[PDB]
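Two forms, one protein chain; structure tokens for each follow separately as structure 1 and structure 2.
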Structure 1
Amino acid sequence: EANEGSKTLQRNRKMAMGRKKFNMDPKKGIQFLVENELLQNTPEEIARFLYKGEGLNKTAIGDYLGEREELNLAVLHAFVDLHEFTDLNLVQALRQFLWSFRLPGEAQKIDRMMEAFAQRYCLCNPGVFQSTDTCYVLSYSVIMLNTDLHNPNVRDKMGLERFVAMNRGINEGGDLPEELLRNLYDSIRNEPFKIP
């Protein structure tokens, strides 16, 4: 006679095993979970698992999201869609996003994440930016500013006035508010990004 409590206990052990396998080798971890019917092999379901992140290494999460593979790309889109950026300013939203995983080192991986982020930010906050290219450019400006201001290996530091000068043109056929740019600058300047 089948004992469902036994089934649950075995499943818990397998899930614990799967998380541990994921932290070593994200694709292997996901394949194991999928094969044992512990996770559905759908972009949305895998994205929900990584967004919850229970006992998952955020560098592993990032590495999974940065694979240039059809499924992983679908997962990255779904994962960014689980974020809630409505009513946040760009730095506030970036802080939420960049807490949920550790960015890969590779520029192309970062780029795909940053494009996805910018498109989702603009959809959640229509009319803040006149295009997604503007928000993409400005999201990099903010990430680079965090690096420039808070990594001491970057010698000479960019001041507010220069940051505003670089970025005021990037909107459309007319500049943004310089209010919005000063707000982003000071935010980063006074609180670096919290990274995992």
Structure 2
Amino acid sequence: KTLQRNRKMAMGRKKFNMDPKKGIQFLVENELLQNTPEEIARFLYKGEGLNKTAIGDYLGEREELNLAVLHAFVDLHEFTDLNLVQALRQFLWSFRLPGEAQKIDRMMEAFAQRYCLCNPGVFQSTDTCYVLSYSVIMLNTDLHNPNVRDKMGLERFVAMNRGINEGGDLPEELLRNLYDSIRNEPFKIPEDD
């Protein structure tokens, strides 16, 4: 009964990698996973044998179930005492960020709410955190995607974020620290497990 349950588990993970929905459907129907956003997100978070691009694809769907999983998945992360980039490096190792702006957007906003909860007082509103987070994803693409011909200098990056702080500016040193981090170390491409 143990070798058998392990075989069903392995098959669920394979089916997840092919079609996230369908693999979750297999796990739930076969009684190996509770069908709640919280339990699904816990299954994904650092899950052995799960393709991180599948995880990202599943988290980026617009269906309400998936948005609830996304929030519970974000909720598993521990971002206290990290600067924004350090926290994003952790979040973005847990899954492969999709390439579509709609999805990146929703994921940055979700990441933002938890960042601010872990680090109260670092930012004045969650929107400031969310827009800055999105600008970091833009900066990583700008700097490190070779199809982008001309790259932002520091100065472009600081200027891009003028006014995001409820009309006002963030301190230049905070932006420079984020810029220099990304410039000298791109977000790593995640590896499974």
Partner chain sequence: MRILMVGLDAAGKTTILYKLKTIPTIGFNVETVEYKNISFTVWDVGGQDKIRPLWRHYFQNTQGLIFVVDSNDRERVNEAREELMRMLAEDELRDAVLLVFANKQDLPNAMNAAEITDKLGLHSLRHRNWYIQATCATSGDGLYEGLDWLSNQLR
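Basically, rigid core = biggest C-alpha set you can superpose within 1.5 Å across the two forms. For residue numbers, the reference is structure 1: its sequence is counted from 1.
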property	result
Structure identified as the form solved without the partner chain	1
Core fit, then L184 C-alpha moves 2 Å or more between the two structures	no
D25 C-alpha relocation of at least 2 Å between the two structures, rigid core basis	no
Core-referenced Cα shift (Å), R168, between the two structures	4.3
Rigid-core-superposed Cα shift at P104 between the two structures, Å	2.1
Cα displacement of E67 between the two structures, once the rigid core is superposed (Å)	1.7
